[PDB]
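Notes follow once the structure below has been shown.
All residue numbers refer to positions in the sequence shown, counting from 1. Computed from heavy atoms alone, side chains included, the values below leave out hydrogens, waters and symmetry copies.
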Amino acid sequence: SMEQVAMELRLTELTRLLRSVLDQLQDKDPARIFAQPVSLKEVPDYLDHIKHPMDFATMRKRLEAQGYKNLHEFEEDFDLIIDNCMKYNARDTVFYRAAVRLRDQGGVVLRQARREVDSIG
C-alpha cells in the first residue's frame, strides 16, 4: 500500500537521524571503552552480573536493520551501556569515570534529538 511505503520512508528517515545521533554519542567515547561488547572470553562471569549487555557495535547492527521504532527505544539501549558499566565497575575506575562523562555529554545530544524527532514527526 501507499501507507506502508510512507511509514517505511518515516522509519528510514528516523534511522538516518539515529545514525547521526549515534555518531555524535560515540565521539564522546574517544577511548573506545563502549565500542564493542564486553568479551566473555576476558570477563567470563560478566553475564552473572549484567543481564542485558549493550555496546555501540550492537546498537549499530540494530540501527542498520531499522530495528529502532522510535527514539525512546534507542535511548534505552544507550542508557544500558552507561548503567551496566556503573554497576559492574567501581566508582574509582577508568571505566566508571568514562561512563559518567559519556552520560553527561550525551545528555546534550539527546536533548536536541528529542526536539528533532517531535519536530519532524
Side-chain angles (χ1 to χ4, degrees), residues 1-2 4-6 8 11-15 17-40 42-60 62-68 70-110 112-119 121:
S1 68
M2 217 18 264
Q4 294 292 338
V5 169
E8 291 159 0
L11 180 66
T12 296
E13 284 305 293
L14 177 66
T15 300
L17 180 157
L18 296 180
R19 194 184 296 115
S20 166
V21 176
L22 183 59
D23 292 343
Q24 279 174 81
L25 293 173
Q26 189 150 31
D27 289 341
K28 312 309 186 165
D29 174 32
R32 292 193 79 81
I33 291 166
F34 307 104
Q36 293 293 325
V38 170
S39 168
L40 307 177
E42 294 158 15
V43 191
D45 79 348
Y46 187 67
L47 300 187
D48 292 349
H49 294 273
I50 297 295
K51 298 293 162 183
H52 297 100
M54 195 42 59
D55 65 273
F56 287 134
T58 303
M59 293 188 61
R60 200 172 290 284
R62 187 170 162 189
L63 182 66
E64 293 313 334
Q66 305 188 345
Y68 293 111
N70 56 53
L71 180 61
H72 177 76
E73 287 187 349
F74 176 99
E75 292 171 298
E76 278 191 332
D77 272 354
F78 179 64
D79 283 344
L80 272 178
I81 294 177
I82 299 307
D83 288 339
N84 287 348
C85 185
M86 295 173 69
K87 290 169 196 66
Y88 187 78
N89 305 107
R91 207 152 47 244
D92 82 316
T93 59
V94 62
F95 306 104
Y96 184 110
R97 291 169 172 283
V100 163
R101 289 163 66 80
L102 181 56
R103 191 196 60 190
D104 286 352
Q105 292 199 280
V108 178
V109 171
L110 291 177
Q112 204 44 52
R114 162 54 58 205
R115 295 192 68 85
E116 285 182 299
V117 158
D118 290 358
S119 185

Might you point out which heavy atoms bring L63 and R19 nearest each other, and give the distance in Å? CD2-CA, 3.5 Å

Heavy-atom side-chain proximity of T15 to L18 below 4.5 angstrom: no

What one should report as the nearest heavy-atom pair of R114 and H72 is NH2-N, 3.9 Å

Of all residues at least two apart in sequence or in a different chain, which pass the side chain to side chain donor-acceptor pair (under 3.5 Å) check with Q36? none

Using residues 24-31 as the side-chain source, report each donor-acceptor pair under 3.5 Å to any protein atom, sequence neighbours left out, with the distance given to one decimal.
residue : atom : partner : partner atom : Å
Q24     : NE2  : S20     : O            : 3.3
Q24     : NE2  : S20     : OG           : 3.2
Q26     : OE1  : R60     : NH2          : 2.9
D29     : OD1  : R32     : N            : 3.2
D29     : OD1  : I33     : N            : 3.1
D29     : OD2  : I33     : N            : 3.3
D29     : OD2  : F34     : N            : 2.8

Show me the donor-acceptor pairs within less than 3.5 Å that the side chains of residues 78-88 make with the rest of the protein, sequence neighbours left out.
residue : atom : partner : partner atom : Å
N84     : ND2  : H52     : O            : 2.8
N84     : ND2  : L80     : O            : 3.1
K87     : NZ   : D83     : O            : 3.2

Main chain of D48, side chain of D45: is a donor-acceptor contact present, judged purely on distance under 3.5 Å? no

Does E8 offer a backbone N or O that forms a donor-acceptor pair with the side chain of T12 under 3.5 Å? yes

CD on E116 to CG on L14, rounded to 0.5 Å: 11.5 Å

Rounded to the nearest 0.5 Å, what's the gap from NE2 on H49 to OH on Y46? Could you check? 10.0 Å

Quick check for you: to the nearest 0.5 Å, what is the distance between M59 atom CE and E76 atom CD? 10.5 Å

Taking the side chain as every heavy atom from C-beta outward, state whether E73 and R62 have any pair of such atoms under 4.5 Å apart. yes

Taking only residues at least two apart or on different chains, which pairs with a member in residues 89-101 satisfy side-chain hydrogen bond (donor to acceptor under 3.5 Å, both in side chains)? none

Side chain proximity check, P53 to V38, heavy atoms < 4.5 angstrom: no

For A113 against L17, the heavy-atom pair lying closest together: CB-CD2, 4.5 Å

